[PDB]
Structure formats: C-alpha cells, structure tokens
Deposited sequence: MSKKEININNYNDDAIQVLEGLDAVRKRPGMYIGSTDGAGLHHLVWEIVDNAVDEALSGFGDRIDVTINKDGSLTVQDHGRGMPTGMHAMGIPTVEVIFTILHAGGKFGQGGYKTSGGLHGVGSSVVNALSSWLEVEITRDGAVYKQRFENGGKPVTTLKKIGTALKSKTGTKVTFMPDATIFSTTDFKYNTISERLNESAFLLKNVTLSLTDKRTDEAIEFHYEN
C-alpha cells in the first residue's frame, strides 16, 4: 500500500471520481453520503440530512458516533489523517477536490471542528468549538466543490433526491432528507421494514 497526498487526486480526478462533469460532481455527494450510510448500517444514527446551500456548498449530517476525535502520530488528529491521506478513501478525495471543506464532530459533550481549504490543506486543527448534551453524537461535513476542477458546480436536486430515495430503500428504518436552500425545495424518505 503506497499512501499519497491530495495532489495525486487533483492531478488525476477521473481516476477517483470517473469524470469532472456533473457525474463526477455528484460522486462527491455519494462519497460523503455513503460514509453516513455506513455508520447507520452499523446501527448508529437513524437520520441523514443533506442540504444544498445557497453559496453552492453541500452539507451531509448524520447522528452516528461521530468520527474519532483523538490523535494519530505527531499530535495530528485522526480526522485530519482521514481527510488528507489517500490510501490508494472517499473523505480525502472529496477534500482534495473542494475549494473548502469543514467537518464538525459532536460527541462526549463536545463539538469539534476542522476546516480545510484549497484542495484539502488544513487551516485549523481539530478544535473544540462548543458543548452539547452527552446524548448528542454525529458528524457533519460541508464542502464547496472546486470550480477550477469541475465543468459544472451546480448540484442537481432531482439527481440527489433519487439517490437518497434509493439509499433509504436499501437501508430501511433511516430517514434521508434533502433540502435545497437555493429553491426552498425539501423532501424526506423513510422505508420501514
């Protein structure tokens, strides 16, 4: 296993997301959503909320365990390693192809945040920004796709809606929501089994 930096993704995006058109743009959404879905499949969290923001960014929020908030080697947060090392993997690929990305983790009565810019360069460490009830847990990722890479940066509500509907059907007993702040459109999916 040869590890790589995020430059490898930026120099050959098609290798990681297939293309740099709308299909590729939406692959970024699928990668982050799949991380939330994997967590829910393991039994942590029963709702996943996706928001298309007015500024063109996209947020995915789950109510799972929260990404690990501890340290790797050299005092580097585990979350930084997940988002900045390519193990050629979704999180790092999305970060590499975003002009900015924020990850917010809630667990153990604390809310933590790390911000990356310009293809996944950290501009903060993982810092405690607030507190929450001990019962509150989860991960929220917001990213702005890099307009220098993609030929389109317009997320398509219908495309995402269809995917989340399908994901809700495969998961069972988990609510998937989509909200578009550009148009105010909103929908929720939930399939009981």
- Note on the structure: Note to self, deposited ranges with zero CA coordinates are 1-16, 105-121
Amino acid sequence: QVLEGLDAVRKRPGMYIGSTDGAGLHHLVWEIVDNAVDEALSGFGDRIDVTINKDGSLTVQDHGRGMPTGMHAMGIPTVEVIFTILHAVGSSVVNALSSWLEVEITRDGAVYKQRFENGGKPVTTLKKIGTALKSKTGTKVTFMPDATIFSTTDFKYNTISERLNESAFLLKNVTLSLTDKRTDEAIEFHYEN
From here on, numbers count along this sequence of modelled residues.
- Checking the other PDB entries that cover both flanking residues: does residue 88 lack coordinates in at least a third? yes
- Task: Using only the Cα atoms and their B-factors as the entry lists them, report which of 48-56 and 65-73 averages higher.
- Result: 65-73
- Query: Mean CA B-factor: is it higher for 26-34 or for 153-161?
  - Reply: 153-161
- Taking the chain's C-alpha temperature factors as the reference, tell me which third residue 128 falls into: lowest, middle or highest. middle
- Can you work out whether the C-alpha temperature factor of residue 107 puts it in the lowest, middle or highest third of the chain? middle
- Note on the structure: Among the modelled residues of its chain, the C-alpha B-factor of residue 141 falls in the third labelled lowest
- Item | Chain-relative CA temperature factor third for residue 113 | lowest
- So where's residue 97 on the chain's Cα temperature factor ranking, which third? lowest
